[PDB]
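The chain below stands alone and is given in structure tokens; this is the form deposited in one PDB entry.
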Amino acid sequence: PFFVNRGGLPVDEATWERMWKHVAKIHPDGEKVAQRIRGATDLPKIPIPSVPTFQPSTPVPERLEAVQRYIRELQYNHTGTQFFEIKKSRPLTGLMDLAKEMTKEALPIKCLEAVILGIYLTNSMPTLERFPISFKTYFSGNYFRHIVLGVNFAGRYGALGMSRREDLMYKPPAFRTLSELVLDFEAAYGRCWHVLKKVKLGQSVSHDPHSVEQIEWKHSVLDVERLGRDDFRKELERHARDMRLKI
């Protein structure tokens, strides 16, 4: 369970104390972690990651590698406090303002922040299509939710994102079908003993960062166990076809 910073940056007194109180509960050392860090004057100066920019001669797959490297440099947020509030129903232009702030302030992030950043950083790539892909999995009597940014370049499929696991985020845009991309994620979940239950597929997101349209996160919802393997593939390919036809 996570707290969300809702007061902007800098983090206000109540939210900052809540973060440290949470750390003291979770970390076996507890108060000594805060004792060492809070007010310390010798802490490392972390470089602000450089936002990637692209010459027109750089191929799009190489740009995507740089976007993912940038996302990774921010680091996965293990503090227990999410530093940016993401209201998923916001107009795209407001989520793009937030993405800009994420690049300016350079704090750790988790999967949903990464999806917003991936859009922000690929709006300059009109020959690339971007659409969210959400997963619901099951392990040891609990459900887990995850989100990545699906991408489509030159008829191939890939993904950008942020996960604590290496094989649950970045996928180079090499998969011939959307089915093959999603089945790769399913296999990666299987390898860490999670059962994939649901996949939710969004529609393509405008490249206009001033668009007032909403992101459509749950356009297609697939019940993996109920559909079975053959209809799972069929539905995935139906979502992909609709997206391509609509373009």
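Residue numbers here begin at 1 and follow the sequence given. Here the rigid core means the biggest group of C-alpha atoms that line up within 1.5 Å when the two forms are laid on top of each other.
This next part talks about the form deposited in another entry, which is not shown.
- With the core held fixed between the shown form and the other one, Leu9 has its Cα displaced by at least 2 Å.
- The distance between the CA atoms of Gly7 and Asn123 is at least 3 Å shorter in the other form than in the form shown here.
- Distance between the C-alpha atoms of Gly8 and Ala106: shorter by at least 3 Å in the other form than in the displayed form.
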